[PDB]
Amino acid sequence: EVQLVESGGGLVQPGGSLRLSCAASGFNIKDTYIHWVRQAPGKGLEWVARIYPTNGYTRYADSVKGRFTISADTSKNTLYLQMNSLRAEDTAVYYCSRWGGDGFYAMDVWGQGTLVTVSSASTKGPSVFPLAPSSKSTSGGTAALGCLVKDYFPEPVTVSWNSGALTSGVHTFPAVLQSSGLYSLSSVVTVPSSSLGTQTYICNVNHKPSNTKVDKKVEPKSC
């Protein structure tokens, strides 16, 4: 199988430089045109640059020429995007893709992407808080519980429940940027009220950016 992998993204200060990389397997990059396409969070797909590795010709989008450079090393079968003068508008997920060539001049192989977030703000790991049941009145039918994963930078965080065993009616919401520039999310789960207290509920929050890995056991209260 034909794949494409990119790497090198991360939190970068405005005005810095970054080199993202894209490695092709299963095909020689020589034969093709390789593209770098980004997608800002929530927005559309935007094209950034093309290179033809053989004669080495390149083409840039206007928002990016000058400051970015796409290059390729055909012996290392890898390709690179040197990004300079980075702006907060360069926060996006970057994918490289192959234009087909042989019958299909559309982009058939796409990488998984790598997130570049351009900010002055510091990595901060989450405060994990419980969202306990029994808020005033205890027990009934289905009861919900969860974890509020507060104030962290950048993204992502991952939330698992009982170290990947409770997967059922588990709702990990979207992160919201707070007024502060810090994210927050909640992971909630619905369980029997019979199980509340026969069973423990822990949520496993991991923030790979700040090397935080929290476990917080959610158990019931009364008011």
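Sequential numbering from 1, following the sequence displayed.
Comparing 85-93 with 129-137, the stretch with the higher mean C-alpha B-factor in the PDB entry is 129-137. In this entry, the higher average B-factor at the C-alpha atoms falls on 197-205, of the pair 14-22 and 197-205. Of all the options 169, 56, 156, 174, the entry's greatest CA B-factor is assigned to 169. Of all the options 163, 69, 187, 190, the entry's greatest CA B-factor is assigned to 163. The PDB entry assigns residue 142 a C-alpha temperature factor belonging to the highest third of its chain's modelled residues. The PDB entry assigns residue 114 a C-alpha temperature factor belonging to the middle third of its chain's modelled residues. Compared with the other modelled residues of the chain, the Cα B-factor recorded for residue 29 ranks in the highest third. Ranked by Cα temperature factor within the chain, residue 78 sits in the lowest third according to the deposited record.
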